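Enquirer: Okay, here's the structure, questions in a sec.
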Number of protein chains: 2
Amino acid sequence: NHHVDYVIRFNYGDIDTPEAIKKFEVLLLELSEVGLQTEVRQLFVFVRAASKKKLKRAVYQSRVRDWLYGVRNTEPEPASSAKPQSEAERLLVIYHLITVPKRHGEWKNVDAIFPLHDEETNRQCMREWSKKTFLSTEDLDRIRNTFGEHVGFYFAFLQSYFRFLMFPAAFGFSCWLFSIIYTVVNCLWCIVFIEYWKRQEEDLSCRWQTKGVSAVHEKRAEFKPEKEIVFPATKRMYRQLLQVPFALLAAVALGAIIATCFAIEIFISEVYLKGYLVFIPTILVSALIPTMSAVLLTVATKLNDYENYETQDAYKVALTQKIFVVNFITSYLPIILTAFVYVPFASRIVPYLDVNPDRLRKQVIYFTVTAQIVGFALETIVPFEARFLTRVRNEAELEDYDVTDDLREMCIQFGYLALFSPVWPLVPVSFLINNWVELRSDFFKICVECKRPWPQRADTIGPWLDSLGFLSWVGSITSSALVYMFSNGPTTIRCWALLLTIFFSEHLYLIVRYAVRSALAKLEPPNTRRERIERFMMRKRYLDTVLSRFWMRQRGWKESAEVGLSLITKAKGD
Amino acid sequence: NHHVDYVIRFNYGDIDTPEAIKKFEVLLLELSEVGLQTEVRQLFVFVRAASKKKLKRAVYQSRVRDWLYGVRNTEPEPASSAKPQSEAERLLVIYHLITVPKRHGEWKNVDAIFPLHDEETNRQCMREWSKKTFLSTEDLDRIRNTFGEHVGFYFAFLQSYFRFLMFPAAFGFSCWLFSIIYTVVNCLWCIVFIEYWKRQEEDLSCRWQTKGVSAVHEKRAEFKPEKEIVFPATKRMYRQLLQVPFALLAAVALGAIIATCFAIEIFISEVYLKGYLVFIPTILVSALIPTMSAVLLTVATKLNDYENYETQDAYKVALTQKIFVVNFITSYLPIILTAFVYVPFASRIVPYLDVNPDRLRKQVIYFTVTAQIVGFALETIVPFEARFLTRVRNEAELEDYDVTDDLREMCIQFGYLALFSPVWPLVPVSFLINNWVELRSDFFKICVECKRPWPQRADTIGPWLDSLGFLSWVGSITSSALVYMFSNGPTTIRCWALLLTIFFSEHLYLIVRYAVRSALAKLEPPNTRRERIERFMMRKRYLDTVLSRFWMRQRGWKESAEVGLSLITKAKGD
């Protein structure tokens with residue numbers, strides 16, 4: 001607890017002639033901005049606030065930056081002598097004082113700069129939570145006041161998703177254990193969750209101090225010197241024209257791999273006690289997939305790095321699009337492929353694959369439980385002077401954190417739950433047990449297996465919510481195809497009634513989407529609080545401001561009253 | 001030009017005992033708010049601004065009301081001694097000073113209050129426009145500066161719609177005069193127009209002084225005294241449950257009428273020089289429909305009056321919904337009915353109608369040209385002391401204006417153009433000639449056949465834009481059904497390929513909708529002006545504000561520079 005706000009590491013990289021100049025320049029710009037540049041430690045350096053008036057000036061800088069771009073409607077007009085938040089406002093002000101333009105040499109000569117852990121309160125909220133599995137609102141704000149409120153939005157999303165997943169758990173175990181009633185209640189759950197999270201997010205953002213942030217950062221990677229400060233928008237189209245055919249080739253390669261798996265399945269089942277040993281290649285490729293997901297993930301990361309698609313913000317949107325199409329193809333091409341191809345078209349294809357009905361209900365089980373089984377049984381087959389500077393050198397020798405990976409995995413959970421639940425309605429209890437175990441794992445790995453993130457200021461949880469909605473829509477179409485297609489087992493396809501079912505069910509989905517969104521727009525949150533406060537300030541300012549041709553030969557009050565009296569008496573003289 | 005801002009009429013209605021008291025109360029509240037209450041005329045009364053400082057106070061009241069609810073980001077802080085607009089700002093301030101709460105007895109004892117006409121400049125912009133048929137931007141702002149900018153949005157919308165309708169005019173006459181290429185270019189036009197009008201509206205609102213207005217007025221008709229100021233939201237559902245079955249009964253009645261027309265058509269064509277005389281009942285009911293539209297219009301007006309659906313704003317949205325469903329059923333149930341029923345199902349139905357192919361291409365012609373023919377040939381078969389107080393009594397003895405009726409008729413134009421153009425591609429040249437004639441008719445009837453409206457402040461043209469989008473979408477589905485259905489004439493229906501065409505074409509419509517909207521979001525308007533001004537004020541305020549533990553035994557600048565020098569030399573001693 002040495003009152004150190006950030007550390008800044010430096011790498012002494014090549015030979016030591018210019019580093020004195022560059023270190024002096026870093027220190028120069030630093031002391032121009034932030035005093036009490038501490039280097040009692042060694043390579044790295046420390047910072048903290050110089051004087052409380054200077055801290056007050058930097059706070060007022062940040063407040064003017066906030067009101068200048070839209071957040072916090074009221075102006076910051078006084079020298080605002082109020083006590084800040086716990087550490088969120090303080091660390092955010094200091095990070096903005098280091099990061100913003102008008103601040104580091106060679107643009108990446110220094111490596112990552114980071115605060116240090118409050119290991120006391122961190123351990124308190126670690127070992128406070130072997131209990132009750134539902135983090136209440138005060139403890140949620142405790143999670144806000146350290147490491148920002150972006151991480152607060154993440155944890156509130158994950159906990160709310162657990163809370164709404166436990167209803168299809170009970171219902172999908174309560175399928176007396178494929179019928180159409182479960183498909184209808186599945187889509188209703190699937191759409192209620194997204195709209196409820198939209199209004200919950202709008203409530204909880206205004207409950208904290210972010211009404212809505214759209215301050216575009218400028219990630220200094222894009223580069224085209226053309227005018228006074230510019231890259232032309234044309235090479236974007238060339239590189240999206242790179243984006244599409246590689247994704248198509250990835251789809252083709254995955255289809256080839258899974259077709260090889262089905263041909264080997266056929267060969268083993270023809271040659272040969274050993275039914276699971278027959279079905280093994282599906283299990284092997286299902287366990288092999290979540291490595292291929294990260295492989296294509298870093299491939300698409302290199303593709304988006306090649307594209308410099310935005311300076312900063314729509315870089316994230318483009319990256320979420322790449323992750324969604326890669327993740328979608330590599331985790332939903334096998335089931336869609338095997339259902340919509342190998343179940344109606346068996347006898348026309350398996351003669352080509354040489355030298356069965358209701359495979360699908362076993363396909364989905366293996367393909368959605370295998371990765372969890374491997375990741376759960378790995379944790380069982382594996383067992384059976386300067387004196388806190390060493391702690392700092394522990395903390396620096398540590399990996400960095402990304403929110404995106406766990407949230408991607410949650411989007412996978414949602415996609416298997418929505419795109420085809422009624423094939424095997426123990427999908428929700430499986431997912432419930434998985435995140436039932438992995439809850440504390442997530443909080444542990446964000447609290448001590450990585451350093452702190454610097455506190456961001458984000459309102460939304462990103463494009464994942466729009467990808468959630470789109471995935472729900474596609475799930476509506478595909479569920480409506482399947483449950484008509486395989487109900488009641490000499491069969492028939494009857495290709496108009498299936499396509500009519502697709503059409504009619506999609507538009508019923510869309511009208512229920514509109515109806516539930518307009519219903520929950522009416523049902524207000526407890527935002528009545530932070531809107532009524534605005535109403536009082538509104539009314540107070542208004543009541544403040546309500547204080548402090550030769551023929552106009554007729555007088556205003558008395559003449560006009562007597563004239564009107566004369567006119568109505570004249571009119572009623574009949 | 002007697003500097004009179006508004007007149008206020010009074011009706012002396014029943015017998016004359018309380019009217020002295022009520023007139024004195026009206027005059028009392030008036031002189032408390034607005035002096036120079038002039039009644040040199042008689043029943044009615046005049047008003048004008050009392051003193052220029054008092055006018056300045058009322059202006060500052062209005063400015064605080066504007067900045068208090070969001071419009072005009074900057075505060076109105078000084079005693080703003082600036083000259084106003086021509087008459088728009090002035091009349092709006094005075095009308096708000098009369099109308100707002102914290103102002104008329106019995107809530108409707110006085111009748112309508114209204115400004116007077118600037119017949120000089122009115123006549124100038126009348127007889128300025130026998131020319132060029134495209135009202136330029138300066139003359140458009142001349143239309144803004146009298147009778148508000150809501151009417152400016154209306155005229156800009158109508159002129160922009162004419163400008164984009166003249167392209168399918170040329171193209172639909174250029175169909176070498178039903179093919180699929182015209183359907184594709186129809187839907188592309190149909191969607192380009194809506195997105196272009198969205199960005200044109202966002203440009204032109206910020207070019208005037210309405211960024212966005214959502215100040216909810218309180219139309220004092222709804223009434224439930226429950227708490228301090230409330231009607232419960234439950235009877236809304238009861239009255240929407242009234243809304244639906246009456247619309248269904250109207251659809252049933254129209255279907256019965258048009259079925260009677262087809263049976264009579266069959267009887268005449270069976271009994272009997274006289275082919276048009278055979279087809280007469282279609283023509284008669286087509287001419288009879290635009291009266292039934294106004295009949296059901298005032299019926300739905302009474303239904304929405306029965307519902308008090310909002311206090312003020314969503315009353316307009318509910319009324320636009322009623323007008324759209326009534327107008328849609330009474331002008332598109334006949335064509336959809338006759339195509340999708342009587343063309344595939346003829347031989348199964350005309351034996352029931354007792355005691356033909358390609359009817360449709362004649363049906364649509366009669367049904368879309370008949371009303372225009374009647375309304376155009378009617379104007380040919382018909383020919384072959386106080387001294388300006390009389391002018392005021394001309395102006396008061398005059399009807400009121402509603403924007404909604406002509407805009408409804410335009411939505412009909414758009415619906416026939418979008419829902420099924422390729423049946424007969426002379427629909428655009430017909431509509432072009434109709435509004436080519438009716439342009440000056442619209443401006444004349446708004447300028448001298450009615451009194452002035454008081455200047456409203458509206459941003460959008462209402463829910464008509466959303467109803468335009470929805471109508472385009474339904475038009476995409478129905479065009480894709482028809483042009484597959486009747487192409488190349490022993491035929492077949494092939495009920496999967498039609499339904500596949502419906503599905504696939506609807507989703508191609510939706511992806512082109514998303515693509516063109518994200519494209520035109522990138523192509524900026526000349527809003528660069530009124531955003532760069534905000535950028536300069538932003539930067540100016542920022543550059544204003546950028547002006548005016550026992551171990552910290554180490555000095556900031558020199559000690560740290562020497563220590564870092566010692567450390568890198570120590571490191572490079574190898």
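Residues are referred to by chain and number: the chain letter is A, B, ... according to the order shown in the structure tokens, the number counts from 1 in that chain, and ligands are numbered separately from 1 in the order shown.
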Give me, as a Markdown table, the closest atom pair and its distance (Å, one decimal) for every residue of chain A within a cut-off of 7 Å of chain B, counting only C-alpha atoms, rows sorted by chain and rising number.
Expert:
| residue | atom | partner | partner_atom | distance |
| --- | --- | --- | --- | --- |
| A:2 | CA | B:549 | CA | 6.3 |
| A:16 | CA | B:568 | CA | 6.7 |
| A:20 | CA | B:565 | CA | 6.1 |
| A:24 | CA | B:561 | CA | 6.3 |
| A:36 | CA | B:556 | CA | 6.3 |
| A:37 | CA | B:556 | CA | 5.7 |
| A:38 | CA | B:556 | CA | 6.9 |
| A:39 | CA | B:560 | CA | 6.7 |
| A:40 | CA | B:554 | CA | 6.4 |
| A:68 | CA | B:538 | CA | 6.5 |
| A:495 | CA | B:496 | CA | 6.4 |
| A:496 | CA | B:496 | CA | 5.3 |
| A:499 | CA | B:499 | CA | 6.9 |
| A:503 | CA | B:503 | CA | 6.6 |
| A:538 | CA | B:68 | CA | 6.4 |
| A:549 | CA | B:2 | CA | 6.0 |
| A:552 | CA | B:40 | CA | 6.8 |
| A:554 | CA | B:40 | CA | 6.0 |
| A:556 | CA | B:37 | CA | 5.3 |
| A:560 | CA | B:39 | CA | 6.2 |
| A:561 | CA | B:24 | CA | 6.3 |
| A:565 | CA | B:20 | CA | 6.3 |
| A:568 | CA | B:16 | CA | 6.9 |
Enquirer: According to DSSP computed on the backbone, where in segment 344-389 of chain A is there alpha helix (DSSP H)? Give the residues as a PyMOL selection string.
Expert: chain A and resi 360-381+389
Enquirer: Applying 12 Å and only C-alpha atoms, which residues near residue 460 of chain A remain after dropping the ones on its own chain fewer than 6 positions away? List them as a list in words.
Expert: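 Within the cut-off, the hits are residues 149, 150, 151, 152, 153, 154, 156, 157, 197, 198, 199, 200, 201, 202, 203, 204, 205, 206, 210, 211, 212, 213, 214 and 466 of chain A.
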Enquirer: Please save N, CA and C atoms of the selected residues as a CSV table (one decimal), in the first residue's frame.
Expert:
chain,number,residue,atom,x,y,z
A,149,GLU,N,-15.5,-0.2,-14.3
A,149,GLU,CA,-16.9,-0.6,-14.4
A,149,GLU,C,-17.1,-1.4,-15.7
A,150,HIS,N,-16.1,-1.4,-16.6
A,150,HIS,CA,-16.2,-2.3,-17.7
A,150,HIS,C,-16.2,-3.8,-17.3
A,151,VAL,N,-15.3,-4.1,-16.3
A,151,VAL,CA,-15.3,-5.4,-15.7
A,151,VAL,C,-16.6,-5.7,-14.9
A,152,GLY,N,-17.2,-4.6,-14.4
A,152,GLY,CA,-18.4,-4.7,-13.7
A,152,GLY,C,-19.6,-5.1,-14.6
A,153,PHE,N,-19.6,-4.5,-15.8
A,153,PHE,CA,-20.6,-4.9,-16.8
A,153,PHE,C,-20.4,-6.3,-17.2
A,154,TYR,N,-19.1,-6.8,-17.4
A,154,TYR,CA,-18.9,-8.2,-17.7
A,154,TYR,C,-19.4,-9.1,-16.6
A,156,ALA,N,-21.7,-8.6,-14.2
A,156,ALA,CA,-23.1,-8.5,-14.1
A,156,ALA,C,-23.8,-9.2,-15.3
A,157,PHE,N,-23.2,-9.2,-16.5
A,157,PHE,CA,-23.7,-10.0,-17.6
A,157,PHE,C,-23.6,-11.4,-17.4
A,197,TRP,N,-31.8,-8.1,-21.0
A,197,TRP,CA,-30.5,-7.6,-20.8
A,197,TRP,C,-30.3,-6.2,-21.3
A,198,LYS,N,-31.0,-5.9,-22.4
A,198,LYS,CA,-30.9,-4.5,-22.9
A,198,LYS,C,-31.4,-3.5,-21.9
A,199,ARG,N,-32.6,-3.8,-21.3
A,199,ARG,CA,-33.1,-2.8,-20.3
A,199,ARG,C,-32.3,-2.8,-19.0
A,200,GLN,N,-31.7,-4.0,-18.7
A,200,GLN,CA,-30.9,-4.1,-17.5
A,200,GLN,C,-29.6,-3.3,-17.7
A,201,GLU,N,-29.1,-3.3,-18.9
A,201,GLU,CA,-27.9,-2.6,-19.2
A,201,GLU,C,-28.1,-1.1,-19.2
A,202,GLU,N,-29.2,-0.7,-19.7
A,202,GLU,CA,-29.5,0.7,-19.7
A,202,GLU,C,-29.8,1.2,-18.3
A,203,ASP,N,-30.4,0.4,-17.4
A,203,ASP,CA,-30.5,0.8,-16.0
A,203,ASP,C,-29.2,0.9,-15.4
A,204,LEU,N,-28.4,-0.2,-15.5
A,204,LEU,CA,-27.2,-0.2,-14.7
A,204,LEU,C,-26.1,0.7,-15.2
A,205,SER,N,-26.2,1.2,-16.4
A,205,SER,CA,-25.2,2.2,-16.8
A,205,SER,C,-25.5,3.5,-16.2
A,206,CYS,N,-26.7,3.9,-16.1
A,206,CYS,CA,-27.1,5.2,-15.5
A,206,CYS,C,-27.0,5.1,-14.0
A,210,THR,N,-21.9,6.5,-16.2
A,210,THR,CA,-21.7,6.5,-17.6
A,210,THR,C,-23.1,6.4,-18.3
A,211,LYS,N,-23.6,7.6,-18.7
A,211,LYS,CA,-24.8,7.6,-19.4
A,211,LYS,C,-24.7,7.0,-20.8
A,212,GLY,N,-23.6,7.4,-21.5
A,212,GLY,CA,-23.2,6.7,-22.7
A,212,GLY,C,-21.9,7.3,-23.2
A,213,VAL,N,-21.0,6.5,-23.5
A,213,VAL,CA,-19.6,6.9,-23.9
A,213,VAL,C,-19.4,6.6,-25.3
A,214,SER,N,-19.1,7.6,-26.1
A,214,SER,CA,-18.7,7.4,-27.5
A,214,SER,C,-17.5,8.2,-27.9
A,466,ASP,N,-25.4,-7.6,-30.1
A,466,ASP,CA,-26.0,-7.7,-31.5
A,466,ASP,C,-25.8,-9.1,-32.1
Enquirer: For segment 170-180 of chain A, work out the shell of residues within 7 Å, counting only C-alpha atoms and skipping chain neighbours fewer than 6 positions away, then give it as a PyMOL selection string.
Expert: chain A and resi 422-423+425-426+428+483
Enquirer: Quick one: residues within 10 Å of segment 406-414 of chain A, only C-alpha atoms, excluding same-chain residues fewer than 6 positions away - as JSON, numbers by chain?
Expert: {"A": [154, 157, 158, 161, 165, 190, 320, 323, 324, 327, 328, 331, 332, 368, 427, 428, 431, 432, 435, 442, 461, 464, 465, 467, 468, 471, 472]}
Enquirer: What does the file look like for those residues with N, CA, C and O atoms, as a compact mmCIF listing (two decimals), in the first residue's frame?
Expert:
# COMPACT_ATOMS: atom_id res chain seq x y z
N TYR A 154 -19.14 -6.78 -17.35
CA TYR A 154 -18.88 -8.18 -17.67
C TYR A 154 -19.43 -9.13 -16.61
O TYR A 154 -20.16 -10.07 -16.93
N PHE A 157 -23.19 -9.21 -16.47
CA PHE A 157 -23.73 -9.96 -17.59
C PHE A 157 -23.64 -11.45 -17.36
O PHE A 157 -24.59 -12.18 -17.65
N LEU A 158 -22.52 -11.90 -16.83
CA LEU A 158 -22.33 -13.33 -16.66
C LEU A 158 -23.25 -13.87 -15.58
O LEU A 158 -23.84 -14.95 -15.73
N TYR A 161 -26.77 -13.96 -16.89
CA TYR A 161 -26.93 -15.08 -17.81
C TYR A 161 -27.06 -16.39 -17.07
O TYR A 161 -27.82 -17.26 -17.49
N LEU A 165 -30.25 -18.76 -17.23
CA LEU A 165 -30.07 -20.10 -17.76
C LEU A 165 -30.65 -21.14 -16.83
O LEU A 165 -31.01 -22.22 -17.31
N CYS A 190 -35.23 -17.39 -25.17
CA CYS A 190 -34.09 -16.89 -25.92
C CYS A 190 -34.24 -15.42 -26.27
O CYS A 190 -33.23 -14.72 -26.41
N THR A 320 -14.99 -8.48 -33.54
CA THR A 320 -16.11 -9.29 -33.09
C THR A 320 -16.79 -9.97 -34.27
O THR A 320 -17.21 -11.12 -34.16
N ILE A 323 -14.47 -12.95 -35.20
CA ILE A 323 -14.59 -14.00 -34.20
C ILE A 323 -15.93 -14.70 -34.31
O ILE A 323 -16.01 -15.93 -34.20
N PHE A 324 -16.99 -13.96 -34.62
CA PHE A 324 -18.29 -14.59 -34.73
C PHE A 324 -18.39 -15.49 -35.95
O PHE A 324 -18.93 -16.59 -35.85
N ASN A 327 -16.07 -18.58 -35.28
CA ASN A 327 -16.61 -19.40 -34.22
C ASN A 327 -17.87 -20.11 -34.67
O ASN A 327 -18.07 -21.29 -34.38
N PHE A 328 -18.69 -19.40 -35.44
CA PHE A 328 -19.93 -19.96 -35.96
C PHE A 328 -19.65 -21.10 -36.91
O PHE A 328 -20.29 -22.15 -36.82
N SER A 331 -18.01 -24.20 -35.07
CA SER A 331 -18.78 -24.94 -34.08
C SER A 331 -20.21 -25.21 -34.47
O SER A 331 -20.95 -25.79 -33.66
N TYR A 332 -20.66 -24.81 -35.66
CA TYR A 332 -22.01 -25.14 -36.06
C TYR A 332 -22.11 -25.65 -37.48
O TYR A 332 -23.20 -26.05 -37.88
N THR A 368 -21.38 -31.60 -28.04
CA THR A 368 -21.52 -30.52 -27.08
C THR A 368 -21.07 -30.88 -25.67
O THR A 368 -20.95 -29.97 -24.84
N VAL A 427 -29.04 -30.25 -22.79
CA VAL A 427 -28.08 -29.18 -23.02
C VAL A 427 -28.10 -28.11 -21.92
O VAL A 427 -27.01 -27.73 -21.44
N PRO A 428 -29.26 -27.61 -21.45
CA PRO A 428 -29.19 -26.61 -20.38
C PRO A 428 -28.66 -27.13 -19.06
O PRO A 428 -27.95 -26.37 -18.39
N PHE A 431 -24.77 -27.21 -19.49
CA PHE A 431 -24.20 -25.88 -19.43
C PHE A 431 -24.29 -25.27 -18.03
O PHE A 431 -23.38 -24.54 -17.61
N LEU A 432 -25.37 -25.57 -17.31
CA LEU A 432 -25.53 -25.08 -15.96
C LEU A 432 -24.47 -25.66 -15.04
O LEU A 432 -23.89 -24.95 -14.23
N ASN A 435 -20.88 -23.91 -16.01
CA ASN A 435 -20.54 -22.61 -15.42
C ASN A 435 -20.75 -22.57 -13.91
O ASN A 435 -20.12 -21.74 -13.25
N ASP A 442 -13.40 -18.19 -13.01
CA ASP A 442 -13.32 -16.93 -13.73
C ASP A 442 -12.88 -15.80 -12.82
O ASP A 442 -12.00 -15.00 -13.19
N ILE A 461 -21.31 -3.97 -23.51
CA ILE A 461 -20.42 -5.12 -23.51
C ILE A 461 -20.02 -5.41 -24.94
O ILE A 461 -19.43 -6.45 -25.23
N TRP A 464 -21.19 -8.03 -28.91
CA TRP A 464 -21.65 -9.36 -28.56
C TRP A 464 -23.15 -9.41 -28.36
O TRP A 464 -23.77 -10.44 -28.61
N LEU A 465 -23.75 -8.29 -27.98
CA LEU A 465 -25.19 -8.26 -27.81
C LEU A 465 -25.93 -8.30 -29.14
O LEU A 465 -26.96 -8.98 -29.28
N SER A 467 -24.61 -9.65 -31.89
CA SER A 467 -24.39 -11.01 -32.37
C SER A 467 -25.27 -12.02 -31.64
O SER A 467 -25.69 -13.01 -32.25
N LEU A 468 -25.58 -11.78 -30.37
CA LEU A 468 -26.57 -12.57 -29.64
C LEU A 468 -27.94 -12.50 -30.28
O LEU A 468 -28.60 -13.54 -30.44
N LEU A 471 -27.98 -14.35 -33.65
CA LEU A 471 -27.91 -15.78 -33.43
C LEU A 471 -29.23 -16.34 -32.95
O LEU A 471 -29.60 -17.46 -33.32
N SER A 472 -29.97 -15.57 -32.16
CA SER A 472 -31.31 -15.98 -31.77
C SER A 472 -32.24 -16.11 -32.97
O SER A 472 -33.04 -17.05 -33.05
Enquirer: Skip residue 312 of chain B itself and residues of its chain fewer than 4 positions away, then list as a ChimeraX atom specification all residues within 8 Å of it, counting only C-alpha atoms.
Expert: /B:216-219,316
Enquirer: Store the residues of this selection in a file with N, CA, C and O atoms, as a compact mmCIF listing (two decimals), in the first residue's frame.
Expert:
# COMPACT_ATOMS: atom_id res chain seq x y z
N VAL B 216 -42.47 16.65 -24.64
CA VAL B 216 -43.80 16.06 -24.67
C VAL B 216 -44.82 17.12 -24.27
O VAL B 216 -44.81 17.61 -23.14
N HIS B 217 -45.69 17.50 -25.21
CA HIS B 217 -46.81 18.36 -24.86
C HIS B 217 -47.85 17.56 -24.08
O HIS B 217 -47.84 16.33 -24.07
N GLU B 218 -48.75 18.28 -23.43
CA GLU B 218 -49.78 17.61 -22.63
C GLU B 218 -51.16 18.07 -23.10
O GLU B 218 -51.76 18.97 -22.50
N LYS B 219 -51.66 17.42 -24.14
CA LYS B 219 -53.00 17.65 -24.66
C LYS B 219 -54.05 17.32 -23.61
O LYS B 219 -54.28 16.15 -23.29
N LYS B 316 -50.51 10.88 -31.91
CA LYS B 316 -50.23 10.98 -33.34
C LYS B 316 -49.74 9.66 -33.90
O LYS B 316 -50.09 9.29 -35.03
Enquirer: Name all residues at most 12 Å from segment 344-352 of chain A (count only C-alpha atoms; drop same-chain ones fewer than 5 positions away) and give them as a list in words.
Expert: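 Once the adjacent positions are removed, what remains is residues 259, 262, 263, 264, 265, 266, 267, 270, 337, 338, 339, 357, 358, 359, 360, 482, 485, 486, 489, 491, 492, 493 and 495 of chain A.
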Enquirer: Give me, please, the distance in Å between atom CA of residue 182 of chain B and atom CA of residue 286 of chain B, quoted to one decimal.
Expert: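 Atom-to-atom, atom CA of residue 182 of chain B and atom CA of residue 286 of chain B are spaced 26.6 Å apart.
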Enquirer: Select, from A:54, A:131, A:517, A:220, the residue with the minimum atom-to-atom distance to residue 440 of chain A, counting only C-alpha atoms.
Expert: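 Result for the nearest residue to residue 440 of chain A: A:131.
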